Amino acid sequence: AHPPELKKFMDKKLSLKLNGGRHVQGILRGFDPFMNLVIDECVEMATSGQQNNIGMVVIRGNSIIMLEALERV
Amino acid sequence: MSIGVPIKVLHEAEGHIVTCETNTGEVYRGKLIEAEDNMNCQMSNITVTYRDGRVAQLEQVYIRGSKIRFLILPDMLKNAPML
Amino acid sequence: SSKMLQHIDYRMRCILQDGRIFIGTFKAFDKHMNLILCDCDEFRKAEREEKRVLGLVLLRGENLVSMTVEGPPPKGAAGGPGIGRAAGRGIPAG
Amino acid sequence: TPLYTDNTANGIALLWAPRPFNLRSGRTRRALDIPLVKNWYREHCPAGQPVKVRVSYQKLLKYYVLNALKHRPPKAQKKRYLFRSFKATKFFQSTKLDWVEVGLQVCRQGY
RNA sequence: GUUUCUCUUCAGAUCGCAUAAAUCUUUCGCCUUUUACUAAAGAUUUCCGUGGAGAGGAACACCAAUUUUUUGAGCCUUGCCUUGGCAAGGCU
């Protein structure tokens, strides 16, 4: 079927690497057929390593180019 | 439906060791686990080469389909009953 | 289809979107122009020039620009009842 | 399409019919070769029948076993058709006659 | 093209979902003698039929909305590289 087999990764702690050289790290709970993610406890990794905290975020599917686990399935 | 010969060879590739290069220029080298019909791969136990030289090891990774621009499938597959 | 199918099993040269070149022996293609190249070289350009080797390369269709040929491929009626034998002639009388 | 049709009840029952009846197609045999009474004496008939027939059953099995034991395959002997060789010759002719007419003729000839 | 008839060749096959007789060598039995026998084995042939192949005759005849194909394009600055360009980096 069309959904990504992302079911494994849920509630484990992800890093993402986003289009345009951006990085965010997250505990995950969402996916839909386009891979639109809903990330929780989401940190923004700025260029300089000055880190922000931000709340729950949606991501557009096409913006992702990798999706990595910081703590295992 | 006519999902042709290449994606079947991708499913055939699973459980081996494949190399996989993304738009940005990062080169991954990892053991495959599953691959979907739009080429979303999961990959395990990777040694990644960065664009500028550096190596790193990784636990597990999932690589969006449209973001790839080759895989290096393991040569023994040339015999496979898809071909 | 039919124009592409003529090329199969030859040694094909592909030019990717980024400017790279692959040269490979060609055995798969698909409605999105995915490819499988085999026994394959990665090749880049006195202006310096270089030649790397790759195996069994699977090309996601989006990248492809063009492909070209330059190689030849990495590739009665039954016996009848007659018998001959040595013979003399023998003249008849008269 | 319906779960069953009127032929379904009958048609299943053919699957365990004896050897000539359980098939849709076969090859024709000679009237000589079909052993019409064979199935009876191959089964141990109920003993309340008189002594006389019991031994008659048993002695039918004896000739059955001996034939199938001493059977040897055919020797691949070359075909040679007798009556064809006859009717190829000017001395023979052919026609279509009642069996009772021919029977009288063979007895008249043999006499 | 379907039937038919004839010929040639090979048969490994339940060539047969059926089942005959003959010869020889032995073991037997009634037995003056011999056929005709008996009933088991083995080697053998004959006969009733069969299949495969080939030859020839005859008779009737569809979608531009993220996952590929209707595009994030395109533009600059640094180092090297003799030049060409490459490694990038930064932009809108």
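The structure this text deals with has already been given above.
Residues numbered from 1 in each chain as written, not as in the entry; some residues may be left out. Chains lettered and ligands numbered in written order. Part of a larger assembly, values for the part shown. Heavy atoms only, no water.

## Notes on the overall build of chain D
Reasoning step 1: Scanning chain D from terminus to terminus reveals five helices and zero strands.
Reasoning step 2: Reading chain D from its N end, one meets helices and strands in the order α-α-α-α-α.
Reasoning step 3: For 111 residues, the compact-globule formula gives about 13 Å, and the C-alpha radius of gyration of chain D, at 24 Å, lies well above that figure.
Reasoning step 4: Projected onto the principal axes, the alpha-carbon positions of chain D cover approximately 65 × 55 × 35 Å.
Reasoning step 5: In chain D, which comprises 111 residues, the proportion classed as buried is 3%.
Reasoning step 6: Considering chain D, the positive charge centre built from 22 side chains and the negative charge centre built from 5 side chains are found 17 Å apart. (Helix = DSSP H or I, 4+ residues; strand = E, 2+ residues; numbered from the N terminus. Rg over C-alpha atoms; globule rule 2.2 N^0.38 Å. Buried < 20%, exposed > 50% of the residue type's maximum accessible area, 1.4 Å probe, protein only. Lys, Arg positive; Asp, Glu negative; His and termini not counted. Charge placed at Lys NZ, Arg CZ, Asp CG, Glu CD.)

## Some details on the protein's contact with RNA strand E
Reasoning step 1: Inspection of the region around RNA strand E gives 40 residues, with B:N40, D:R27, D:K38, D:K79 and D:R80 positioned closest.
Reasoning step 2: Within 4 Å of the protein, the atoms of RNA strand E are drawn from sugar and phosphate moieties in a proportion of 53%.
Reasoning step 3: D:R30 is positioned with one of its side-chain polar atoms (N or O) 2.8 Å from a sugar or linking oxygen of RNA strand E.
Reasoning step 4: At four residues, helix 3 (residues 51-70) of chain D tops the list of elements feeding residues into the surface near RNA strand E.
Reasoning step 5: When grouped by side-chain class, the residues that make up the surface near RNA strand E number eight nonpolar, 12 polar and 20 charged. (Near = heavy atom within 4 Å. Polar contact = N/O pair within 3.5 Å; in protein donor to acceptor, adjacent residues only side chain to side chain. Nonpolar A, V, L, I, M, F, W, Y, C, P; charged D, E, K, R; others polar.)

## Considerations on the interface of chain B and chain C
Reasoning step 1: Contacts between the two partners involve 22 residues from chain B, matched on the other side by 19 residues from chain C.
Reasoning step 2: Note on chain B versus chain C: buried area summed over both sides is about 1700 Å², and carbon and sulfur give 64% of it.
Reasoning step 3: Considering only the side of chain B, the residues that lose the most area to chain C are B:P6, B:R69 and B:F70, jointly responsible for 35% of the buried surface there.
Reasoning step 4: Ionic pairing is found between C:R20 and B:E21, a salt bridge with its closest N-O pair at 3.4 Å.
Reasoning step 5: Our enumeration of links across chain B and chain C arrives at five residue pairs in polar contact.
Reasoning step 6: Secondary-structure elements contributing two or more residues to the side of chain B that touches chain C are helix 1 (5-13) and strand 5 (68-72) of chain B.
Reasoning step 7: Here the element with the most residues in the side of chain B that touches chain C is strand 5 of chain B; it accounts for five residues.
Reasoning step 8: Taken together, the residues that form the side of chain B that touches chain C break down as 13 nonpolar, five polar and four charged.
Reasoning step 9: Pairing of strand 5 of chain B with strand 5 (residues 57-59) of chain C involves two bridges; the strand directions are antiparallel. Looking at strand 5 of chain C, one finds that B:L71 is bridged to C:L58. (Contact = heavy atoms within 4.5 Å. Buried area = accessible area lost by both parts, 1.4 Å probe. Salt bridge = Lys/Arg side-chain N within 4 Å of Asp/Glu carboxyl O. Pairing = 2+ DSSP bridges.)

## A closer look at the arrangement of the chains
Reasoning step 1: If you take every C-alpha in chain A and every C-alpha in chain D, the smallest gap between them is 32 Å, and the two do not touch.
Reasoning step 2: With no contact formed, the shortest span from any C-alpha in chain C to any C-alpha in chain D equals 22 Å.

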